[PDB]
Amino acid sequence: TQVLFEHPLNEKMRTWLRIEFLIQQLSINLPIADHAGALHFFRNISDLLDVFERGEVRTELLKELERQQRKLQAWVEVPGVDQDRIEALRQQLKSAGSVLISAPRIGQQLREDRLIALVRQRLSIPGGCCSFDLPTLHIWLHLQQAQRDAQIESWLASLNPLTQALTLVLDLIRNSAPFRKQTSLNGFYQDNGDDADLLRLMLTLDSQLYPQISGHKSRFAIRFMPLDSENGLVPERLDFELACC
């Protein structure tokens, strides 16, 4: 019955959410045995390289990892807390930091890759791929699965530093704040998110509504819209769950 919507409260978080999604898509389609899986894969790599242009990802991740290490050392002197958890999270953060800092430039390996670049040029064209548009991709798919699997794995491994860091920080952020019940009157709602990075919002599918979140800096505004824009009525009162992370 429940539906989770997340919203970034800054441009950094918007970037990070996109990267998360794209990297999840790359892990979900192995093994790659046809054009469908292949085009899907390369589209997501191409989009990922384009998302990287929105900010300095490595830089912001190195800062956030340490910041999370700082936000962890407040929880040290708190009875009831597992100190093995704290030390383990600290160690994960530290390792992610030094892996990330030592790693090559983010996805330079992916840009330089001849097969990736080749496919990347053709995605712009509407009927982008076919044996006649992409012969190199066509022959690649006639190889044995293990030759592709190995090529795929080295591509994904070069993203591991980023993946490890991002998985870490977003998980910590997502668990940094609890959900709280709120009410919208006549489909409208607004508040200062403070300097939270992420909104997390739960509705029911039985409401047959969806949120459209506006805002300028942090002061967010929500309009709860129906799916059917003729038949759909907005309730005069709606309760929902909200966490500001």
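Residues carry their position along the shown sequence, with the first being 1.
**Q** Which has higher Cα B-factors on average according to the PDB entry: 130-138 or 80-88?
**A** Per the PDB record, 80-88.
**Q** Read off the CA B-factors in the entry, average them over 224-232 and over 12-20, and name the higher stretch.
**A** Stretch with the greater average CA B-factor: 224-232.
**Q** Going by the entry, which of 98, 167, 160, 109 has the most elevated CA B factor?
**A** Of 98, 167, 160, 109, 109 has the highest C-alpha B-factor.
**Q** Going by the entry, which of 66, 194, 60, 50 has the most elevated CA B factor?
**A** Highest C-alpha B-factor among the listed options: 194.
**Q** Among the modelled residues of this chain, does the Cα B factor of residue 178 put it in the lowest, middle or highest third?
**A** Its C-alpha B-factor, which the entry lists for residue 178, ranks in the middle third among residues of this chain.
**Q** In terms of the chain's CA B-factor thirds, is residue 119 lowest, middle or highest?
**A** Residue 119: CA B-factor falls in the middle third of its chain.
**Q** Sort the modelled residues of this chain by their C-alpha B factor and say whether residue 26 lands in the lowest, middle or highest third.
**A** Middle third of the chain for residue 26's C-alpha B-factor.
**Q** Among the modelled residues of this chain, does the Cα B factor of residue 43 put it in the lowest, middle or highest third?
**A** Ranked within chain, residue 43 CA B lands in the lowest tercile.
**Q** Going by the recorded CA B-factors, say which third of the chain residue 202 sits in, lowest, middle or highest.
**A** Its C-alpha B-factor belongs to the middle third of this chain's values.
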